[PDB]
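# this one's structure only:
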């Protein structure tokens, strides 16, 4: 609960035996990762609906999958499948801007 941060990264993944059964979408250039966070799952689900709208807009019949998320997870793990890496940069740019609302100045 220290005021100053201090996350230990050092070694990560690899030989981590993290999981064994296949269920998530195979990683590749045609796959993109999305990380969203908020007050809780309820708010993430609402914001998630908007994220999908952009996905369909950028790519028609877009496919996506969401891994297990707890109610107090505060974070949502989702993946999207497009056709080229560019879609990830354009989709991620608009998706981040949507949540970060960096478009235009103040509302008033």
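Sure thing, it's come through. Numbers count the residues shown, from 1 in each chain.
# so how many other residues sit close to residue 107?
5 (other CB atoms under 10 Å). No exception for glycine: its C-beta is placed from N, CA and C like everyone else's.
# pretty sure it is in a helix, no?
No. Residue 107 is assigned coil when assessed by DSSP: H, G, I helix; E, B strand; the rest coil, not a helix.
# now it: how far from residue 94?
In this view, residue 107 and residue 94 are 19 Å apart by CB to CB, to the nearest Å.
# same check on residue 15?
37 Å.
# between the two, which has more neighbouring residues?
With neighbours defined as other CB under 10 Å, residue 15 and residue 94 compare such that residue 94 has more, 15 against 6.
# isn't the more buried one right up against residue 58?
Yes. Applying CB atoms under 8 Å, one finds residue 94 in contact with residue 58, separated by 7.5 Å.
# leaving out chain neighbours, which residue sits closest to residue 38?
Excluding the flanking residues, the one nearest residue 38 by CB to CB, 6 or more residues apart in numbering is residue 44, at 5.1 Å.
# ok but that neighbour is inside a helix, no?
Yes. Using three-state DSSP, the assignment for residue 44 is a helix.
# now do the same contact list for it.
36-38, 69, 73, 75-76 (CB atoms under 8 Å, 6 or more residues apart in numbering).
# which of those count as buried?
In the contacts of residue 44, burial by neighbour count holds for 36, 38, 69, 76, counting by 16 or more other CB atoms under 10 Å.
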